[PDB]
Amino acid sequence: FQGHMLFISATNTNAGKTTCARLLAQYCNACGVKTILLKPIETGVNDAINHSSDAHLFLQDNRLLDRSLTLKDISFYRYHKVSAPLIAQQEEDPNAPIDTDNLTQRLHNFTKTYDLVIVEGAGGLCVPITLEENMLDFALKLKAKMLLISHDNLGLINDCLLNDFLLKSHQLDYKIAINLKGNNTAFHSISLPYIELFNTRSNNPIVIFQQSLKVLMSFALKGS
């Protein structure tokens, strides 16, 4: 086939999409699986003054494979407002609604030249991009597999389970992974006991990202 595509969403902004995407692409590249990182839609940015956005971080990693890449090759709709993409678009670029057909073509074109195309979303599964589409709708149009990153604090059970319910209600292959930060052992005492129970009872277990690089590479690449 052409390259596989993995969408990375999250329980919440700041949960760890970019951290975990970069760690997974680094692992895949070190294993010989040629992997690009894309951030098609990004809010909260000011490219004139700041070179630290998700797309900038992705670009640095990506240029290890292709020096010719530039920011506009990997990120397409960019906004100053710290908001849902739909509202940032309506306010800053009223005449250019986000075109997910166009995004789908652009992203799929990278499956010619990479074994894996990782696509970071923004906001959350239900965050609106157009009047008719949210991030999940975008992921569904892409026909990507889904990696949902969860935070590692109290509340992760509820947040993971809300996302599980939405995702299992749709036709896509997905995996929920907790981004377990350094210095957190409350997790193991408070939340992990339920994750373990849930996993005995579920055909699609919740994993810990840091434990799961090999499993998540396998997941991303499996099948058609």
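Numbers for residues come from their place in the sequence shown, where the first is 1.
Stretches compared: 193 to 201, 46 to 54. Higher mean C-alpha B-factor in the entry: 46 to 54. When the mean C-alpha temperature factors of 89 to 97 and 134 to 142 are read from the deposited coordinates, 89 to 97 comes out higher. Remark: of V119, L125, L147, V82, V82 shows the highest value [criterion: C-alpha B-factor in the PDB entry].
For the set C160, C31, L167, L180, the maximum C-alpha B-factor listed in the entry falls on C31.
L69: CA B factor lies in the highest third for its chain, per the PDB record. In this PDB entry, the Cα temperature factor of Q171 sits in the top third of its chain's modelled residues, the highest group. Ranked against the other modelled residues of its chain, the C-alpha B-factor of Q60 as given in the entry falls in the middle third. When the CA B factors of the chain's modelled residues are split into thirds, the value for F7 lands in the lowest one. Placement of the Cα temperature factor of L23 within the chain: middle third of the modelled residues, per the deposited record.
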